[PDB]
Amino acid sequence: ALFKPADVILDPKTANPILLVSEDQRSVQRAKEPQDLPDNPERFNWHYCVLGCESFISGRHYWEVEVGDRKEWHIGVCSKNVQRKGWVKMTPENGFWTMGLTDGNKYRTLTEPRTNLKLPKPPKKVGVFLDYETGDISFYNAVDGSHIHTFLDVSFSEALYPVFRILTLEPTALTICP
């Protein structure tokens, strides 16, 4: 505990209409088809994304996401002022600091350009560390303690929200550990 454990709750007002936030707002799954929801300004209307309710303005914070054996997922943080309407590339320059899994076994960092990651173990549970001031975001296997990736000395000028993205319709949800 070098870093304050954040208590992260999914903001249903931000969830793409194809996403289903649980009753307890800790887990998200994909619908077969979009729900009939309004296109309020907070809602990601293109990317299959959902934010936390609370954003980070300073200090050091940590949370954990259960990915299970889900074939596809990306998680990390984004700026308050990212583009929520239409596609934007999820990259540092557009205000997104994320990594994840695609196609069952391809781990990437959503950098400009993307980079492949060599992971000895595939993670079932991921830890995300943010240091607003130094400007550092790090991903770890939550079980092994094994490193995954770090963005270094970033110059954050806005509040940062936790962000979760799933494209695939599978039975394993994405679950925030309380």
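We call the rigid core the largest set of C-alpha positions that still match within 1.5 Å between the two forms. In case it trips you up, residue 1 is the first one in the sequence shown, and so on.
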Taking C-alpha RMS after core alignment, which stretch differs more from the shown form in 5 other deposited structures of this protein: 149-157, or 59-67?
149-157
35-43 versus 142-150 - greater average Cα B-factor per the deposited record
142-150
Look up the CA B-factors in the entry and say which stretch, 67-75 or 80-88, has the higher mean.
67-75
Out of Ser155, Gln25, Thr168, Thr14, which shows the largest CA B-factor listed in the entry?
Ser155
For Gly59, the third of its chain by CA B-factor is the middle
Quick check for you: using the entry's CA B-factors within this chain, is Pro123 in the lowest, middle or highest third?
highest
Can you tell me whether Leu117 has a C-alpha B-factor in the lowest, middle or highest third compared with the other modelled residues of the same chain?
highest
